[PDB]
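Q: My sequence and its experimental structure, below.
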Number of protein chains: 8
Amino acid sequence: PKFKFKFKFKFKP
Amino acid sequence: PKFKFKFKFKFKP
Amino acid sequence: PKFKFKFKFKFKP
Amino acid sequence: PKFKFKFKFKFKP
Amino acid sequence: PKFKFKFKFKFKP
Amino acid sequence: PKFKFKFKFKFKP
Amino acid sequence: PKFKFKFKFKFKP
Amino acid sequence: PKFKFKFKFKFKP
Ligand SMILES: O=C(Cc1cccs1)N[C@H](C(=O)O)[C@@H]1NC(C(=O)O)=C(/C=C/c2ccc([N+](=O)[O-])cc2[N+](=O)[O-])CS1
Ligand SMILES: O=C(Cc1cccs1)N[C@H](C(=O)O)[C@@H]1NC(C(=O)O)=C(/C=C\c2ccc([N+](=O)[O-])cc2[N+](=O)[O-])CS1
């Protein structure tokens, strides 16, 4: 089949 | 000093 | 089982 | 002064 | 194929 | 305010 | 406030 | 023909 994974990381000091 | 990361993965059968 | 991967990194000081 | 790096890799088994 | 993603976030005060 | 982030993405066929 | 980001991508045929 | 991509980002104040 088709699998899509998106990972987003946002960093604030 | 904000950091933004985007990761995209696509699976094709 | 074809694989496509995209990585985006953004850093702002 | 912001730095952005993007790398995309596609491969087939 | 089965693709597995692990995300770890650590923040120090 | 140190931040450590680890992300791992793996594919098993 | 030092920041460490780790991204890992693994592809197996 | 396995492909591995690692991205590391380090920010220092
Ligand atoms: O976290 C780990 C240990 C693991 C256990 C299980 C899975 S991975 N992975 C990395 C590795 O082993 O490869 C570590 N990565 C860093 C970093 O943190 O950049 C290192 C620098 C050492 C350092 C640290 C902390 C500080 N600090 O907080 O000041 C300063 C340094 N340094 O640069 O000397 C090298 S060792
Ligand atoms: O740890 C290592 C060495 C490395 C150090 C750093 C990056 S690799 N061993 C590899 C690994 O596990 O990753 C070899 N790979 C595999 C497997 O998949 O378990 C094996 C089976 C068959 C195969 C499938 C795919 C490929 N491929 O994609 O190239 C190659 C082999 N092979 O015959 O070695 C035997 S071991």
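A: Yep, it's here. Numbers count the residues shown, from 1 in each chain, chains lettered A, B, ... in the order given. Ligands and ions are numbered 1, 2, ... in the order given.

Q: bridging residues for the residue nearest the centre of chain A?
A: Note on chain A: the residue nearest the mean C-alpha position is residue A:7, at 0.8 Å, using CA atoms, centre = their mean. Here residue A:7 sits in beta bridges with residue B:7, going by DSSP bridges.

Q: Distance-wise, check it relative to chain D.
A: 14 Å (CB to the nearest CB, to the nearest Å). For every residue, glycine as well, the C-beta is placed using N, CA and C.

Q: Next, count neighbours for residue A:8.
A: Residue crowding around residue A:8 was assessed by other CB atoms under 10 Å in any protein chain shown; the count is 11.

Q: burial of the nearest residue to it once chain neighbours are set aside, as a residue count?
A: Spatial nearest neighbour of residue A:8, chain neighbours left out: residue B:6 (5.3 Å); criterion: CB to CB, 6 or more residues apart in numbering or on different chains. Applying other CB under 10 Å, we find 15 residues neighbouring residue B:6.

Q: if I pick residue B:6, what's in contact with it?
A: Applying CB atoms under 8 Å, 6 or more residues apart in numbering or on different chains to residue B:6 gives the contacts A:6-8, C:6-10.

Q: Now flag whichever of the residues you listed is closest to residue G:2.
A: residue C:9 (16.8 Å; CB to CB).
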